[PDB]
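Single-structure report; data block below.
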Amino acid sequence: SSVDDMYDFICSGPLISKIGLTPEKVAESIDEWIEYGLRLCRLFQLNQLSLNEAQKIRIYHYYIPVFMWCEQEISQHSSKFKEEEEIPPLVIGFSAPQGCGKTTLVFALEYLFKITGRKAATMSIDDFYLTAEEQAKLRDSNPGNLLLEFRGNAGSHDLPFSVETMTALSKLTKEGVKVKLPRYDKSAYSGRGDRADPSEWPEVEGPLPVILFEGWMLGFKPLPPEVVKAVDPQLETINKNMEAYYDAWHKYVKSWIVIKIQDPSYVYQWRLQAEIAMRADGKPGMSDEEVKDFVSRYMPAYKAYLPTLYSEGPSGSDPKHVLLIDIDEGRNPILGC
Amino acid sequence: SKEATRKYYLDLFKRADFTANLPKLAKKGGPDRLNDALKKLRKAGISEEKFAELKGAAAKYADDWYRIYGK
């Protein structure tokens with residue numbers, strides 16, 4: 001794979017048309033492309049010279065174009081202020097379902113921002129879950145609603161904490177000003193989970209320009225209860241909760257990326273394979289029925305709310321500031337325009 | 001958008017018309033850079049006399065590559 005070849009490969013990606021880039025721009029920044037490819041190959045210990053098609057597709061059709069788009073969004077963000085005018089952090093929200101490269105993407109995205117001189121901070125929505133006692137009390141309020149027994153569906157999120165955490169992130173415009181990133185431990189209490197103790201949390205200094213905000217439920221909007229009741233009775237409370245999520249997250253996210261999957265059932269598949277790989281290699285792996293329950297409990301929310309994203313779009317979104325990445329069954333960007 | 005690529009590959013020959021335009025060309029692709037570009041260009045469809053002039057220029061670039069990064 002010579003420089004020229006890679007150029008061609010880059011130009012055939014499904015996202016070149018979609019980030020606003022052109023063959024001349026690719027030719028003029030091919031040095032940046034190849035250096036970013038080197039950095040991502042080392043970030044995964046890949047070979048550059050010995051990449052199979054999946055690795056090349058991730059690096060040059062999936063990761064780097066998204067990094068380019070995000071950096072352009074921060075560029076147009078910071079172009080709107082003057083000298084000595086402090087720049088608020090830009091929060092880019094990633095609305096993608098579970099286990100679709102969403103998580104490892106942001107790990108790759110965050111890394112390139114660090115390399116290219118923009119301090120980056122990552123926060124999953126799961127880090128704002130109700131603590132174990134608060135989660136238990138939320139369950140107790142709805143003893144007949146399974147989906148609220150455990151995490152993820154609307155209600156299991158500590159919204160006042162989320163609002164304070166998002167507000168404090170914004171005031172990182174000078175140096176010295178800090179904010180601790182609330183980490184959430186998912187294995188606490190036999191695997192149920194509790195917030196990581198606040199004295200174990202990573203902390204970010206200075207002025208931070210970009211914030212990466214991911215979650216399986218971002219962009220999901222309040223629907224009329226008539227779509228809700230028929231998909232699942234146990235969503236109607238979960239529907240009424242997300243009406244209060246319109247205001248704690250959608251206000252704060254400016255730029256958006258929506259990994260859009262083909263059929264929601266993939267989630268189950270993607271989970272099982274992973275656990276199967278664990279069980280094949282002989283590692284802690286959830287049983288088939290365990291995984292089935294786990295996924296089949298978030299599925300009631302997916303089938304309710306994923307249709308809305310593809311139809312209209314995320315709630316607190318601006319159409320020119322939302323990127324749509326259609327991924328195939330191998331989590332690779334589809335050339336679906 | 002194929003002639004973006006044909007224009008890229010011919011304009012790559014104009015980019016190599018100088019001895020002082022080699023340095024960042026010649027880290028990768030190889031000494032055979034313009035030879036493989038000519039392969040892709042023949043496959044894209046190019047005339048035979050342009051092919052002859054190219055097949056001369058690409059060989060010249062191969063010599064100017066071996067001149068600095070040969071054994």
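By order in the structure tokens, chains are A, B, ...; within a chain, residues start at 1; ligands start at 1, following the order shown.
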Per residue of chain A within 7 Å of chain B, which atom pair is closest and at what distance in Å (one decimal), using only C-alpha atoms, listed by chain and increasing number, as a tab-separated table?
```
residue	atom	partner	partner_atom	distance
A:2	CA	B:29	CA	4.3
A:3	CA	B:29	CA	5.4
A:4	CA	B:29	CA	6.9
A:23	CA	B:4	CA	6.6
```
Same residues, C-alpha atoms, saved as an mmCIF file, in the first residue's frame:
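New file result-v6.cif:
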```
data_model
loop_
_atom_site.group_PDB
_atom_site.id
_atom_site.type_symbol
_atom_site.label_atom_id
_atom_site.label_comp_id
_atom_site.auth_asym_id
_atom_site.auth_seq_id
_atom_site.Cartn_x
_atom_site.Cartn_y
_atom_site.Cartn_z
ATOM 1 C CA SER A 2 1.903 3.009 -1.325
ATOM 2 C CA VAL A 3 0.994 6.642 -0.667
ATOM 3 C CA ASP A 4 -0.855 6.901 -3.977
ATOM 4 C CA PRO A 23 -9.925 15.061 -3.860
#
```
### Message
Which residues are close to residue 63 in chain B, i.e. within 8 Å by only C-alpha atoms, leaving aside same-chain residues fewer than 4 positions away? Reply as a list in words.
### Response
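Once the adjacent positions are removed, what remains is residues 31, 59 and 67 of chain B.
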### Task
Just the residues within 8 Å of residue 37 in chain A, please, counting only C-alpha atoms, with nothing from its chain fewer than 3 positions along; format it as a PyMOL selection string.
chain A and resi 33-34+40-41+48+59-60+64
### Query
What residues in chain B get the DSSP label helix (DSSP H, G or I)? Please answer as a VMD selection string.
chain B and resid 3 to 15 19 to 21 33 to 44 48 to 69
So that I have them on file, write out the residues from the current selection with N, CA and C atoms, as a tab-separated table (two decimals), in the first residue's frame.
```tsv
chain	number	residue	atom	x	y	z
B	3	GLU	N	-11.70	11.25	-13.02
B	3	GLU	CA	-10.78	12.17	-13.65
B	3	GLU	C	-10.18	13.12	-12.64
B	4	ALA	N	-10.79	13.26	-11.46
B	4	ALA	CA	-10.02	13.70	-10.31
B	4	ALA	C	-8.77	12.84	-10.13
B	5	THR	N	-8.92	11.51	-10.27
B	5	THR	CA	-7.78	10.60	-10.10
B	5	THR	C	-6.82	10.66	-11.29
B	6	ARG	N	-7.34	10.73	-12.52
B	6	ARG	CA	-6.47	10.87	-13.69
B	6	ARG	C	-5.69	12.18	-13.64
B	7	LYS	N	-6.37	13.27	-13.28
B	7	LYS	CA	-5.72	14.56	-13.09
B	7	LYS	C	-4.71	14.49	-11.96
B	8	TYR	N	-5.05	13.79	-10.88
B	8	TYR	CA	-4.10	13.59	-9.79
B	8	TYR	C	-2.84	12.90	-10.29
B	9	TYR	N	-3.00	11.88	-11.13
B	9	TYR	CA	-1.85	11.07	-11.53
B	9	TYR	C	-0.99	11.76	-12.59
B	10	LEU	N	-1.59	12.55	-13.48
B	10	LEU	CA	-0.80	13.35	-14.42
B	10	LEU	C	-0.16	14.56	-13.72
B	11	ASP	N	-0.93	15.23	-12.87
B	11	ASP	CA	-0.41	16.33	-12.09
B	11	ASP	C	0.66	15.88	-11.11
B	12	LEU	N	0.65	14.59	-10.76
B	12	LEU	CA	1.74	14.01	-10.00
B	12	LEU	C	3.01	13.94	-10.83
B	13	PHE	N	2.88	13.77	-12.15
B	13	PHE	CA	4.04	13.86	-13.02
B	13	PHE	C	4.54	15.29	-13.13
B	14	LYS	N	3.62	16.26	-13.20
B	14	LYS	CA	4.11	17.64	-13.15
B	14	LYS	C	4.74	17.97	-11.80
B	15	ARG	N	4.23	17.39	-10.71
B	15	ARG	CA	4.81	17.63	-9.40
B	15	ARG	C	6.24	17.11	-9.30
B	19	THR	N	13.82	18.59	-9.46
B	19	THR	CA	14.68	17.81	-8.57
B	19	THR	C	14.44	18.18	-7.11
B	20	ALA	N	13.94	19.38	-6.85
B	20	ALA	CA	13.66	19.84	-5.49
B	20	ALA	C	12.22	19.59	-5.07
B	21	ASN	N	11.47	18.83	-5.86
B	21	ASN	CA	10.13	18.39	-5.50
B	21	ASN	C	10.09	16.93	-5.06
B	33	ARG	N	7.64	4.96	-7.74
B	33	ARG	CA	6.42	5.74	-7.57
B	33	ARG	C	5.75	6.05	-8.91
B	34	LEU	N	6.48	6.73	-9.79
B	34	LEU	CA	5.90	7.14	-11.06
B	34	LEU	C	5.72	5.98	-12.03
B	35	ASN	N	6.47	4.88	-11.85
B	35	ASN	CA	6.19	3.67	-12.63
B	35	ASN	C	4.82	3.10	-12.29
B	36	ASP	N	4.50	2.97	-10.99
B	36	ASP	CA	3.18	2.48	-10.61
B	36	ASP	C	2.08	3.49	-10.95
B	37	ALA	N	2.38	4.78	-10.84
B	37	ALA	CA	1.45	5.79	-11.32
B	37	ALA	C	1.17	5.61	-12.80
B	38	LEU	N	2.20	5.28	-13.58
B	38	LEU	CA	2.02	5.02	-15.01
B	38	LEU	C	1.24	3.74	-15.25
B	39	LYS	N	1.40	2.73	-14.39
B	39	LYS	CA	0.55	1.55	-14.48
B	39	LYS	C	-0.92	1.92	-14.33
B	40	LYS	N	-1.23	2.65	-13.26
B	40	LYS	CA	-2.61	3.07	-13.03
B	40	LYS	C	-3.11	3.98	-14.15
B	41	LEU	N	-2.20	4.76	-14.75
B	41	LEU	CA	-2.59	5.67	-15.82
B	41	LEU	C	-2.87	4.93	-17.12
B	42	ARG	N	-2.04	3.94	-17.46
B	42	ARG	CA	-2.33	3.09	-18.61
B	42	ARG	C	-3.67	2.40	-18.44
B	43	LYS	N	-3.91	1.87	-17.24
B	43	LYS	CA	-5.17	1.18	-17.00
B	43	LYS	C	-6.35	2.14	-17.08
B	44	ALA	N	-6.15	3.40	-16.67
B	44	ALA	CA	-7.20	4.41	-16.82
B	44	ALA	C	-7.45	4.78	-18.28
B	48	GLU	N	-0.38	6.29	-26.47
B	48	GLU	CA	0.88	5.55	-26.52
B	48	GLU	C	2.10	6.47	-26.51
B	49	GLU	N	2.00	7.64	-27.14
B	49	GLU	CA	3.14	8.56	-27.15
B	49	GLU	C	3.30	9.25	-25.80
B	50	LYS	N	2.19	9.65	-25.17
B	50	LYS	CA	2.25	10.04	-23.77
B	50	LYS	C	2.82	8.92	-22.92
B	51	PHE	N	2.46	7.67	-23.23
B	51	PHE	CA	3.03	6.54	-22.50
B	51	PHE	C	4.55	6.49	-22.68
B	52	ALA	N	5.05	6.73	-23.89
B	52	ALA	CA	6.49	6.68	-24.11
B	52	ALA	C	7.21	7.79	-23.34
B	53	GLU	N	6.70	9.02	-23.44
B	53	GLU	CA	7.30	10.13	-22.71
B	53	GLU	C	7.27	9.86	-21.20
B	54	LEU	N	6.16	9.31	-20.71
B	54	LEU	CA	6.06	8.98	-19.29
B	54	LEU	C	7.08	7.91	-18.93
B	55	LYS	N	7.10	6.80	-19.68
B	55	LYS	CA	8.02	5.70	-19.42
B	55	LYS	C	9.47	6.16	-19.44
B	56	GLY	N	9.77	7.27	-20.12
B	56	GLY	CA	11.08	7.89	-19.96
B	56	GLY	C	11.20	8.65	-18.64
B	57	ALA	N	10.21	9.50	-18.33
B	57	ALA	CA	10.30	10.36	-17.15
B	57	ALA	C	10.30	9.55	-15.86
B	58	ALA	N	9.50	8.49	-15.80
B	58	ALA	CA	9.45	7.64	-14.62
B	58	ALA	C	10.78	6.93	-14.39
B	59	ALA	N	11.43	6.48	-15.46
B	59	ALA	CA	12.76	5.91	-15.31
B	59	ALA	C	13.75	6.95	-14.80
B	60	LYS	N	13.65	8.18	-15.31
B	60	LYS	CA	14.51	9.25	-14.81
B	60	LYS	C	14.29	9.47	-13.31
B	61	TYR	N	13.03	9.46	-12.88
B	61	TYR	CA	12.74	9.61	-11.46
B	61	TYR	C	13.28	8.43	-10.65
B	62	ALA	N	13.25	7.23	-11.22
B	62	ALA	CA	13.84	6.08	-10.54
B	62	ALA	C	15.33	6.27	-10.33
B	63	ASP	N	16.03	6.77	-11.35
B	63	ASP	CA	17.46	7.05	-11.17
B	63	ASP	C	17.69	8.15	-10.14
B	64	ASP	N	16.89	9.22	-10.19
B	64	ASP	CA	17.02	10.29	-9.20
B	64	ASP	C	16.60	9.86	-7.80
B	65	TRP	N	15.90	8.73	-7.67
B	65	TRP	CA	15.62	8.18	-6.34
B	65	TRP	C	16.80	7.34	-5.85
B	66	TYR	N	17.26	6.39	-6.68
B	66	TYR	CA	18.42	5.59	-6.33
B	66	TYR	C	19.65	6.44	-6.05
B	67	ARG	N	19.70	7.65	-6.62
B	67	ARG	CA	20.84	8.53	-6.40
B	67	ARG	C	20.98	8.98	-4.95
B	68	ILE	N	19.90	8.94	-4.16
B	68	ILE	CA	19.96	9.45	-2.79
B	68	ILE	C	19.55	8.40	-1.76
B	69	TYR	N	18.70	7.44	-2.15
B	69	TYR	CA	18.28	6.41	-1.20
B	69	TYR	C	18.61	5.00	-1.66
```
### Query
Which residue gives the smallest distance to residue 147 in chain A among A:193, A:233, A:160, A:13, with only C-alpha atoms counted?
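Ranking A:193, A:233, A:160, A:13 by distance to residue 147 in chain A, first place goes to A:233.
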### Task
Kindly give the distance, in Å, that separates CA of residue 1 in chain A and CA of residue 108 in chain A, rounded to a single decimal.
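Those two atoms sit 22.1 Å apart.
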### Query
Which residues come within 10 Å of residue 117 in chain A, counting only C-alpha atoms, excluding same-chain residues fewer than 4 positions away, as a PyMOL selection string?
chain A and resi 112-113+209
Produce a file of the selected residues containing C-alpha atoms, as a PDB file, in the first residue's frame.
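As a result, selection.pdb now contains:
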```pdb
ATOM      1  CA  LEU A 112      -5.840  12.294  17.761  1.00  0.00           C
ATOM      2  CA  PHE A 113      -7.064  15.499  19.429  1.00  0.00           C
ATOM      3  CA  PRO A 209     -11.847  22.870  23.534  1.00  0.00           C
TER       4      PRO A 209
END
```
### Gap from CA of residue 266 in chain A to CA of residue 103 in chain A - Å, one decimal
16.0 Å
Within 10 Å of residue 132 in chain A, counting only C-alpha atoms, which residues show up once you throw out same-chain ones fewer than 6 positions away? Write them as an mmCIF file with N, CA, C and O atoms, in the first residue's frame, please.
```
data_model
loop_
_atom_site.group_PDB
_atom_site.id
_atom_site.type_symbol
_atom_site.label_atom_id
_atom_site.label_comp_id
_atom_site.auth_asym_id
_atom_site.auth_seq_id
_atom_site.Cartn_x
_atom_site.Cartn_y
_atom_site.Cartn_z
ATOM 1 N N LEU A 138 -34.974 3.801 42.736
ATOM 2 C CA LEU A 138 -35.689 3.960 41.474
ATOM 3 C C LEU A 138 -36.416 2.679 41.097
ATOM 4 O O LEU A 138 -37.562 2.719 40.632
ATOM 5 N N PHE A 150 -32.796 -2.217 36.383
ATOM 6 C CA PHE A 150 -31.374 -2.087 36.107
ATOM 7 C C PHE A 150 -31.157 -0.810 35.296
ATOM 8 O O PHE A 150 -32.069 0.005 35.131
ATOM 9 N N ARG A 151 -29.941 -0.638 34.798
ATOM 10 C CA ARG A 151 -29.502 0.649 34.288
ATOM 11 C C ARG A 151 -29.832 0.823 32.809
ATOM 12 O O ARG A 151 -30.252 -0.104 32.116
ATOM 13 N N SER A 156 -32.570 5.960 35.203
ATOM 14 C CA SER A 156 -31.368 5.511 35.906
ATOM 15 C C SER A 156 -30.252 6.534 35.886
ATOM 16 O O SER A 156 -29.133 6.190 36.275
ATOM 17 N N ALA A 188 -19.432 -3.083 40.234
ATOM 18 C CA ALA A 188 -19.691 -3.026 41.666
ATOM 19 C C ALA A 188 -20.941 -3.823 42.026
ATOM 20 O O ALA A 188 -21.924 -3.839 41.280
ATOM 21 N N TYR A 189 -20.889 -4.497 43.177
ATOM 22 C CA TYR A 189 -21.993 -5.308 43.697
ATOM 23 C C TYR A 189 -22.392 -6.403 42.702
ATOM 24 O O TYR A 189 -23.471 -6.385 42.104
ATOM 25 N N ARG A 192 -23.663 -5.451 39.119
ATOM 26 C CA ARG A 192 -24.692 -4.432 38.938
ATOM 27 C C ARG A 192 -24.063 -3.067 38.681
ATOM 28 O O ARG A 192 -24.257 -2.467 37.617
ATOM 29 N N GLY A 193 -23.296 -2.561 39.643
ATOM 30 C CA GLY A 193 -22.514 -1.362 39.408
ATOM 31 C C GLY A 193 -22.815 -0.185 40.312
ATOM 32 O O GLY A 193 -23.965 0.047 40.696
ATOM 33 N N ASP A 194 -21.770 0.566 40.653
ATOM 34 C CA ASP A 194 -21.884 1.789 41.431
ATOM 35 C C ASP A 194 -20.861 2.791 40.922
ATOM 36 O O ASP A 194 -19.849 2.423 40.321
ATOM 37 N N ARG A 195 -21.139 4.068 41.169
ATOM 38 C CA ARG A 195 -20.222 5.124 40.768
ATOM 39 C C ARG A 195 -18.852 4.903 41.395
ATOM 40 O O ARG A 195 -18.741 4.553 42.573
#
```
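Picture a line from CA of residue 145 in chain A to CA of residue 234 in chain A; it runs 5.7 Å.
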